[PDB]
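Visitor: Offset between the sequence shown (1-based) and mature numbering (1 follows the signal peptide of the UniProt record, and there is no 0): plus 36. Just so it is clear, CB atoms sit at the ideal spot from N, CA and C, and this is done for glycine as well.
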Amino acid sequence: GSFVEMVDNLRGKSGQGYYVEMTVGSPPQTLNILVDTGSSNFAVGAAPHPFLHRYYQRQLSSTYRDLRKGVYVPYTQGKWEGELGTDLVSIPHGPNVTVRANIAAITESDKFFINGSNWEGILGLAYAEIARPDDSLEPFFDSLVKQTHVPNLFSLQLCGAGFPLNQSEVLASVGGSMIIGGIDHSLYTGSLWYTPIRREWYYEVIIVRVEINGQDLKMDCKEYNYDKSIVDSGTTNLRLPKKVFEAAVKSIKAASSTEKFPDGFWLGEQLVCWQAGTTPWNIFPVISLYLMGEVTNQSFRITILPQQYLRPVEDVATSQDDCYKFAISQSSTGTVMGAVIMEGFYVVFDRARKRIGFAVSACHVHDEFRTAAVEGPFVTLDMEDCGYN
Ligand SMILES: NC1=N[C@@H]2CCCC[C@@H]2CS1
Numbered sequence: 037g038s039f040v041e042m043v044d045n046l047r048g049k050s051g052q053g054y055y056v057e058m059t060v061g062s063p064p065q066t067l068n069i070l071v072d073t074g075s076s077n078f079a080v081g082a083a084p085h086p087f088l089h090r091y092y093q094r095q096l097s098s099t100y101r102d103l104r105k106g107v108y109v110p111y112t113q114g115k116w117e118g119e120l121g122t123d124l125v126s127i128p129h130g131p132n133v134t135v136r137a138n139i140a141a142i143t144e145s146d147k148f149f150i151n152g153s154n155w156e157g158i159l160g161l162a163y164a165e166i167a168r169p170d171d172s173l174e175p176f177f178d179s180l181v182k183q184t185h186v187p188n189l190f191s192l193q194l195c196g197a198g199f200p201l202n203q204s205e206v207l208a209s210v211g212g213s214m215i216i217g218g219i220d221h222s223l224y225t226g227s228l229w230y231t232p233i234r235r236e237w238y239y240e241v242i243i244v245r246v247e248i249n250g251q252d253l254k255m256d257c258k259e260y261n262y263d264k265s266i267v268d269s270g271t272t273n274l275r276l277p278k279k280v281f282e283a284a285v286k287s288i289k290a291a292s293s294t295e296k297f298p299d300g301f302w303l304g305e306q307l308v309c310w311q312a313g314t315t316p317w318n319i320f321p322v323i324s325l326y327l328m329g330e331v332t333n334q335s336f337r338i339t340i341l342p343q344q345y346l347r348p349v350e351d352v353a354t355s356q357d358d359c360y361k362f363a364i365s366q367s368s369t370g371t372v373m374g375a376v377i378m379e380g381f382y383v384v385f386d387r388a389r390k391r392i393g394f395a396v397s398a399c400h401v402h403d404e405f406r407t408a409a410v411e412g413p414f415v416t417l418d419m420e421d422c423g424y425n
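1) Excluding sequence positions up to five away, which residues of its chain have a Cβ less than 8 Å from the Cβ of residue 246?
2) Indicate the three-state DSSP secondary structure (helix, strand or coil) for residue 259 in the structure shown.
3) Please classify residue 387 as buried or exposed, where buried requires at least 16 neighbouring CB atoms within 10 angstroms.
4) Could you check the C-alpha separation between residue 290 and residue 249 for me, to the nearest Å?
5) Please confirm whether any heavy atom of ligand 1 lies closer than 8 Å to the CB of residue 134.
6) Provide the residue(s) that pair with residue 288 in DSSP beta bridges, ordered along the chain.
7) Classify residue 275: buried if its beta carbon has 16 or more other beta carbons within 10 angstroms, exposed otherwise.
8) When you compare each of 330, 389, 200 to residue 347 by their alpha carbons, which one comes out closest?
9) With a threshold of 8 Å (Cβ to nearest heavy atom), would residue 70 be considered close to ligand 1?
10) Do residue 396 and residue 432 come within 9 Å of each other at the CB atom, strictly closer than that value?
11) Indicate the three-state DSSP secondary structure (helix, strand or coil) for residue 283 in the structure shown.
12) Give the straight-line distance between the Cα atoms of residue 406 and residue 272, rounded to the nearest whole angstrom.
13) Smallest Cα separation from residue 366: which of 141, 286, 328?
14) Any chance the CB of residue 111 is under 8 Å from a heavy atom of ligand 1?
15) Going along the chain, which unbroken runs of the alpha helix (DSSP H) with 4 or more residues stay wholly within the region 339-390?
16) Report yes if the C-beta of residue 87 is less than 8 Å from at least one heavy atom of ligand 1; otherwise report no.
17) Name the DSSP beta bridge partners of residue 121, please?
18) With three or more beta-carbon pairs closer than 8 Å as the criterion, would you say the region 221-240 touches the region 146-157?
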């Protein structure tokens with residue numbers, strides 16, 4: 037069951053995001069749009085900006101409808117404001133449909149559009165509960181499903197290159213696949229394992245155990261999900277609650293201790309470099325996250341490698357060295373399984389059956405000695421108790 041129209045429709049990288057081509061308005065205006073499972077607004081640049089090569093021009097669209105309502109969206113870093121409306125929307129390398137969707141026309145922003153990232157808007161794929169200004173603003177995917185025969189499911193294969201890409205190479209390179217309305221079975225190996233969507237707001241899941249090279253981190257499982265755990269393509273890092281983060285870094289440091297790295301490396305700010313080809317992957321441990329399964333008392337685990345959690349970055353001296361930043365960082369808003377984790381796996385957002393599937397990605401970076409894994413089942417008890425209230 038192939039989806040050749042959708043395979044390879046993404047570009048980008050974990051640092052700047054993965055984006056899909058979309059069109060808005062009549063005649064169609066083409067824009068690059070960030071695929072974001074961590075938010076629920078479809079918002080596009082709609083006025084000139086130094087980091088935008090193009091933007092939505094509502095006065096040039098005959099199908100534009102003005103909702104006469106403003107919207108303000110602050111994040112931790114950065115923010116934007118805009119004006120709500122509706123227009124006709126298509127995904128050229130997607131299903132063959134056009135739908136009328138809500139669009140936030142971004143008229144002012146701060147630290148949102150970053151220099152050189154290539155996207156001109158964001159596609160929030162999560163649920164109405166977290167849509168701004170409120171849950172009456174129907175999200176794009178909800179409109180798509182309501183107005184067409186597209187099944188209520190999409191899947192993502194984000195492909196990390198394993199090495200840096202300049203803006204030129206990012207433009208020329210295939211960065212992965214967003215399969216709308218289905219599962220392309222060629223994008224993964226082994227089996228798909230499903231975890232329940234705890235609640236439809238973010239794509240919230242429940243982590244029940246964490247291992248570093250097989251060694252149980254041994255925290256009360258509520259700590260892993262405090263105050264939620266989500267799957268989020270619009271966040272770069274694996275983000276861990278403060279207490280889990282501190283304990284994981286201590287374990288990763290202990291496992292990797294034949295080499296010492298400065299504190300700024302572990303804080304995710306400073307790069308570390310090795311001579312070309314000599315990255316010592318084997319000194320870094322694998323990390324396993326166990327997730328609640330669909331069957332009572334059952335869990336499965338996903339396992340990533342340093343090739344996922346060390347993010348390739350360009351050198352300050354631009355040498356031939358292979359350089360990386362540590363892509364695990366602390367959070368005060370729960371666990372975020374961001375792009376560097378998703379690059380390990382084909383991830384199926386099965387909205388129709390309220391679950392999220394994971395399988396080893398056919399494009400994951402690994403070495404001759406170890407690969408990412410998705411394995412199960414494990415007998416686990418009182419998993420309900422891992423969720424925060
Ligand atoms: N998943 C997230 N989405 C929003 C919008 C896209 C840029 C990054 C922010 C913060 S985290």
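Guide: Considering the structure as presented:
1) 252, 253, 255, 260, 280, 284, 323, 324, 325, 326
2) If DSSP states are grouped into helix, strand and coil, residue 259 belongs with the helices.
3) buried
4) In this structure, the CA atom of residue 290 is about 11 Å from the CA atom of residue 249.
5) no
6) DSSP, once it has assigned bridges, lists no residue as partnering residue 288.
7) Burial state of residue 275 is buried, judged by a 10 Å Cβ sphere holding 16 or more other Cβ atoms.
8) 200
9) yes
10) Residue 432 lies beyond the stretch modelled for the chain, which goes from 37 to 425, so this question has no answer here.
11) DSSP places residue 283 in helix when its eight states are reduced to three.
12) 23 Å
13) 286
14) yes
15) 342-345, 375-378
16) no
17) 102, 139
18) no
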